[PDB]
2 protein chains.
Amino acid sequence: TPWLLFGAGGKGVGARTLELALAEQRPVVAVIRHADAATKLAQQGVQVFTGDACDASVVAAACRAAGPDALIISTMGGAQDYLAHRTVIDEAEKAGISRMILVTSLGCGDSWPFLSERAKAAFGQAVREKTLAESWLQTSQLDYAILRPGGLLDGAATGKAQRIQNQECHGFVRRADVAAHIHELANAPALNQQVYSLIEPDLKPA
Amino acid sequence: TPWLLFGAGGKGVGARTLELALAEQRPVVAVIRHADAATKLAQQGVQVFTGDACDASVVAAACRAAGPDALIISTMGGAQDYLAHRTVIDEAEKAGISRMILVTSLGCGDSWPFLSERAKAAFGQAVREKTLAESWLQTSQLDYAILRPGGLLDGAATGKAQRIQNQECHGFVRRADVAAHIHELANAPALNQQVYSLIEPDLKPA
């Protein structure tokens with residue numbers, strides 16, 4: 001079943017998640033800002049809609065191409081984080097899509113009381129915006145999983161990252177392992193409106 | 001301690017809460033859309049800033065007049081619920097205000113799973129928008145209380161409405177009792193980031 005990815009430009013979690021789908025020969029639709037990145041992704045077989053996730057027109061088109069049975073995966077970041085996500089969720093519903101995995105971060109939502117002051121100073125506003133995105137998703141018609149990774153690191157997947165629920169967490173996780181967890185959640189029979197923290201215990205930056 | 005009220009135009013919860021403050025000769029500041037309602041409230045001794053709660057200048061002006069020791073009370077229910085409350089909350093921080101009581105509705109936030117399909121059809125988007133407002137407040141620098149009333153009814157205060165937490169709730173409550181509960185929370189030593197449902201058990205419309 002097709003995947004529609006937002007935030008898969010660049011080299012982060014989205015990029016790695018898209019590469020897993022491609023290696024699988026899975027139908028993939030993505031929205032990408034840069035025209036040149038678009039064609040290079042298109043040559044790998046991605047159906048690339050060029051534009052911005054705040055563009056309701058571009059978003060609707062991508063949703064239409066993916067189809068009502070598609071899974072949306074969002075790893076978006078940046079200026080217009082809440083609005084971009086509201087657009088995606090709203091257009092998803094209109095297109096008959098009913099499943100979405102949203103990747104935010106530790107500190108969002110009910111994990112906010114455990115966010116450190118140092119982390120809040122650096123990422124506070126981004127986290128609050130992503131929290132609005134979680135909210136809009138949780139009150140939407142979509143089935144969902146929300147994944148809140150801790151500090152993102154590069155490197156090879158370790159397979160040691162753990163999904164944790166309903167409890168304070170702090171730590172790090174490799175981007176490659178967040179992609180693996182997205183893949184696992186996506187392939188399960190249902191998302192079941194779940195919220196998870198995601199860290200590899202005791203993993204640390206060098 | 002001065003009260004800065006949003007949504008106190010009209011005759012609803014805000015208006016009744018404003019009455020309570022005036023009756024005890026509390027300094028009161030308010031943002032009011034219509035000039036005639038404004039002048040009328042002003043003759044009762046309200047410092048009334050005329051304009052819309054999405055207007056940052058007007059909101060800052062009111063915040064300045066209230067001062068850093070003020071309590072904000074919001075009973076707003078417009079068409080741009082989220083944006084209005086974000087403006088209020090942002091400008092409050094800028095003005096050094098550190099306390100806010102936000103009145104939303106049963107069905108907001110983590111009470112969303114228990115909202116009836118009928119109520120969702122009638123009030124769905126308004127509740128989701130108010131839920132975004134709740135979120136922004138809960139991740140702000142302000143100490144807060146959120147009050148979520150059941151179905152609102154006119155009529156005299158019964159004194160029998162009850163604050164309920166962390167459990168599914170259904171029912172009705174007099175607007176006047178919502179104003180009484182706001183006053184009690186306000187005069188307590190601290191809001192302490194609490195969320196409450198508010199209904200009168202066995203109360204019915206007829």
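Each chain gets a letter, A, B and so on, in the order its sequence line appears, and its residues count up from 1. Both backbone and side-chain heavy atoms feed into the values below; hydrogens, waters and symmetry mates do not.
No more than 12 heavy atoms of other residues, nucleotides or ligands shown are found within 6.0 angstrom of CZ on B:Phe123. Counting non-hydrogen atoms of neighbouring residues, nucleotides and ligands closer than 6.0 angstrom, the CD atom of B:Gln167 exceeds 12 such neighbours. Annotation: B:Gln141, atom CD; neighbour count of heavy atoms from other residues, nucleotides and ligands within 6.0 Å does not exceed 12. At most 12 non-hydrogen atoms from other residues, nucleotides or ligands lie less than 6.0 angstrom from CZ of A:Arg64.
Neither the backbone nor the side chain of A:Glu134 comes within contact range of chain B, judged by heavy atoms closer than 4.5 Å.
In terms of heavy-atom proximity, B:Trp112 sits nearest to A:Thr139 at CZ2-O, 3.3 Å. Across A:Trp136 and B:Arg128, no two heavy atoms sit closer than the pair O-NH2, 2.8 Å.
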